[PDB]
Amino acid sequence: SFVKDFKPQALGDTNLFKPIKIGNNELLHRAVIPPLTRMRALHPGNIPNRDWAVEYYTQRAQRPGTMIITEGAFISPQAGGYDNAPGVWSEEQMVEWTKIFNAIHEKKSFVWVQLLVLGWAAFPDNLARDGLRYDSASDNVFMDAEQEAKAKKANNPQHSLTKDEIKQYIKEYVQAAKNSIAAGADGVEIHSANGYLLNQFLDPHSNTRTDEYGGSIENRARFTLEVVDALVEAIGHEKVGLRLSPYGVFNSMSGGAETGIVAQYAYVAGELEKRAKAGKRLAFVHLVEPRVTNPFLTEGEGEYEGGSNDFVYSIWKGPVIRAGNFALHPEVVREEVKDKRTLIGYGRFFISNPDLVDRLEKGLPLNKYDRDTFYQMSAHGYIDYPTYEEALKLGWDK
């Protein structure tokens, strides 16, 4: 069905439909597919889904010149811990990614691989089964009681990374980025948001370290910036973006309750701008809005009103992708895109609307999404959401 009560607005007369260059890519509009974990990768080996993933991405690439950021992809076994999320470390994985990238490119769209490292969000029992550590910044603060208990039961208690282990992750980020580019991706996005490992370092709740990787703003940002620098060196700043969620509370991050949170993220933005002014500007910064502090909650819930991401624009002078509850709020998008370096990520409604871009341009009804199949091992709720035309034929206008 279409979303009931939604009053669409045609956005074709806004900058959402003005072209913009991101990295090497000439986007034809500024509606971005943000990274969306869908859990269709197959076990063993975290293999992108051999049956459906090409079709899923092909569908969502259908509007020419669309920027697509992939679902988070694990950079190594140790970075993982969900059996049905894909990786980008193995030949068998890259065989499938190559097909996906080729398909997106045939539709004249673009694809950026999100590089994911889970830290304390991983399942410790999966990791123990595979002989892997359960990692985070610290060893004395835990995501939640259930995770702590799972880790203990698995004889895999949460481990605070050594500097050498941080370096090993950086090596893996580098190789994952290389793999991505070699397989044909247009770039990579470093996931430093939503309470995964890099965010666990950024945030003073989760990072209680007293070495150079914690205990101050500069130190908490060090790992994220080392990954940035390593990837810029390896594949070029024009092929690297960074995702941050300053106000996020998902995965037990602090959000606005931490009075130092804006300073922490301002520091990161500043360091990116410093690199940019010195000749190495990242392709983009991707921000999750305080509009959605937890993407597991229905649109409108978990909105933080005590903060704005606008501060980033005073600091970072490059492209900014913003995501969070924009599909149902064209009136907000209309205002935000008046800024000429702002792009809009649409997550949940890109799950349910493969032709979302057409619908945004033309002010069409949106397909209701089905949360229950966000993470399912099925084509259903993955590749069988209809285009607007197909929905009319199904009688959804009624």
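Quick note: we count residues from 1 along the sequence shown, nothing fancier.
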On average, are the C-alpha B-factors higher in 129-137 or in 109-117?
129-137
Return whichever of 291-299 and 323-331 has the greater mean Cα B factor according to the PDB record.
291-299
For the C-alpha B-factor as written in the entry, point me to the maximum among 167, 220, 317, 243.
167
From 239, 191, 277, 286, which pick has the Cα B-factor that tops the rest in the entry?
277
When the deposited Cα B-factors of this chain's modelled residues are ordered and cut into thirds, is residue 340 in the lowest, the middle or the highest one?
highest
Which third of the chain holds residue 201 when residues are ordered by C-alpha B factor: lowest, middle or highest?
lowest
Among the modelled residues of this chain, does the Cα B factor of residue 226 put it in the lowest, middle or highest third?
lowest
Using the temperature factors of the C-alpha atoms in this entry, rank residue 157 within its chain: lowest, middle or highest third.
highest
Determine, from the deposited record, the chain-internal third of the Cα B-factor for residue 92: lowest, middle or highest.
highest
